[PDB]
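Please read the structure below before turning to the comments.
Note that each Cβ is placed from the backbone with ideal geometry, even for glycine, and that neighbours are counted across all protein chains shown. What follows is calculated from the coordinates using simple rules that are stated; it is not laboratory data.
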Amino acid sequence: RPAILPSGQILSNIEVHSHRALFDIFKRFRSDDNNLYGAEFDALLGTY
Amino acid sequence: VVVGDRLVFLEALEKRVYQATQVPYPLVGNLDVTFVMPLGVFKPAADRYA
């Protein structure tokens, strides 16, 4: 579940697999993984 | 840039291309030299001098 709209653009053009230390979680899929599509949700149905 | 009596471009493609990708740069060539050295030769009896 990635983001829908980007706030501001990035500027650096640097490889990133070598700087995976700075981040907290880091995931790199090869090309167009079929997992980022399915979107489920919880719901509350009426209050009495 | 003008070198000799000539006008030439002068460009380095380490930034425009090759940046942030896993292909190395081609202009960093490799020299190759083969050394040799003698192990236990023994000079004749006339060259043993300090």
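Charging the Cβ of each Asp and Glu at -1 and of each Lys and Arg at +1, and nothing else, the dipole of chain B about its Cα centre rounds to 140 debye.
Taking label positions 7 Å along the Cα-Cβ direction at both B:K43 and B:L7, the computed distance is 6.3 nm, reported to one decimal. Once the chain from A:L22 to A:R1 is taken as fully extended at 0.36 nm per residue, the excess over their C-alpha distance is 5.4 nm. The percentage of C-alpha pairs in chain B whose separation is greater than 11 Å is 82%.
Its Cα gyration tensor gives the protein assembly as shown an equivalent ellipsoid; the semi-axes, largest first and in whole Å, are 64, 28, 12. What the phi angles of segment B:40-49 give under the Karplus curve with 6.51, -1.76 and 1.60, with θ = phi - 60°, is a coupling list of x, 4, 10, 4, x, 7, 9, 9, 9, 9 Hz, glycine and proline written as x. Per the Kirkwood formula applied to alpha carbons, chain A shows a radius of gyration over Rh ratio, Rg over Rh, of 1.13. Each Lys and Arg adds +1 at its Cβ and each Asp and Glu adds -1 at its Cβ; summed about the Cα centre, the protein assembly as shown shows a dipole of about 360 debye. With a 10 Å cut-off around each Cβ of A:32-40, the average count of Cβ atoms from other chains is 0.
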